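Let's start with one chain on its own, the form deposited in one PDB entry, as structure tokens.
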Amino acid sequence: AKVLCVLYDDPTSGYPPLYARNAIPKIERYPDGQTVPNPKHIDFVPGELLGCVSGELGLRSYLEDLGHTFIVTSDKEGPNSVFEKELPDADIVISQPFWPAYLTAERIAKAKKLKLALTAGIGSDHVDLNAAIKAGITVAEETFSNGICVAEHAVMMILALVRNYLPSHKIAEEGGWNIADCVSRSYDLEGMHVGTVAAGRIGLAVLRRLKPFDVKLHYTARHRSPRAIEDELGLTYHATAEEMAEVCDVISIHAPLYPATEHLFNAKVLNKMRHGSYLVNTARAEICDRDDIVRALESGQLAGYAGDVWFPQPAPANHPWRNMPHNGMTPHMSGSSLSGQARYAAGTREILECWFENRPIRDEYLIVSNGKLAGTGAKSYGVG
């Protein structure tokens, strides 16, 4: 088989980078009991940089020893990219959400041999799932592989926004003291109403991390969480995001992107919030309406917005979220911490081993299979 893999560019300093530490913690299970990936072997040491061109997700020897071909590129934009030129006879396409090889309907039509579209990470919205369904392409991802990474990043961003961290760090760097300037917009999180959009793998992890901050917890979802979970965490459920927006000081988004969630957080929802509320989005950019977010920050309707996800990706240098007021943005990085990479790279290999050996891809990894949403896709996504 021909495996076409799109990864981000190597570090500016070169590859490998100068690692700050030489080992990372051992993780064996996720909080819900799901096991971490179980490939027969891995050809990297956890903690290495794997998601760039030279890192290769640690796949080359595995693939070539089996007689497969493995093409790795970062060049992914337009019909003259290495990606699009190599696509027509690729059996398998792999890319990460952080540097995504978009599989539009038009590209899927060109992809005459494509049978497996594998996300290295979580979130397969860069693939047109309706087109994949029609074409009989399997779409899979490494469920839970980097979810805890995201939960950490989201809580970090909530705190940075509410406490006014980023402008205050700039004052320290630039020689100032200026306590009044630092604290004129600095609040505690304690006692605020905080809600998540979704209480799935990441949303629940966020709610759990928020609990000891002594906030009042809310969530919205299409299907109510078990009473035991609501009791554990003191959750208040809302049938819709609009209703939750009315009562929350801070919202963090943790749903997948598909038609029902596209532009869910637009002006109508944002304007339901109290003036000076906060929004964090480490889910997908297009769950928000891009320009409505800018307007909310310009008016102070939102006191702050932060996230790691943008549209499109990579975000152009002129993207309006970069320098809108009161933002805590990063590039799309949370799911690509070195710790997360070890897990999604291992899971990418696990999935390939199953595929090549004619064994099932784990149900929880599936998004589309056999011409329909399947596994986690059927539980978390829609195509209507």
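Under this definition, the rigid core comprises the largest set of C-alpha atoms superposing within 1.5 Å between the forms. In this text, residue numbers run from 1 along the sequence as written.
Not pictured, yet referred to below: the form deposited in another entry.
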Looking at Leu297, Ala111, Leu235, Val72 between this form and the one not shown with the core superposed, the single C-alpha displaced by 2 Å or more is at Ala111
Shift of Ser277 between this form and the one not shown at or above 2 Å (CA, core fit): no
After the core is overlaid between this form and the one not shown, has the C-alpha of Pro17 moved by 2 angstroms or more? no
Would you say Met157 moves between this form and the one not shown, meaning its CA shifts by 2 Å or more once the core is fitted? no
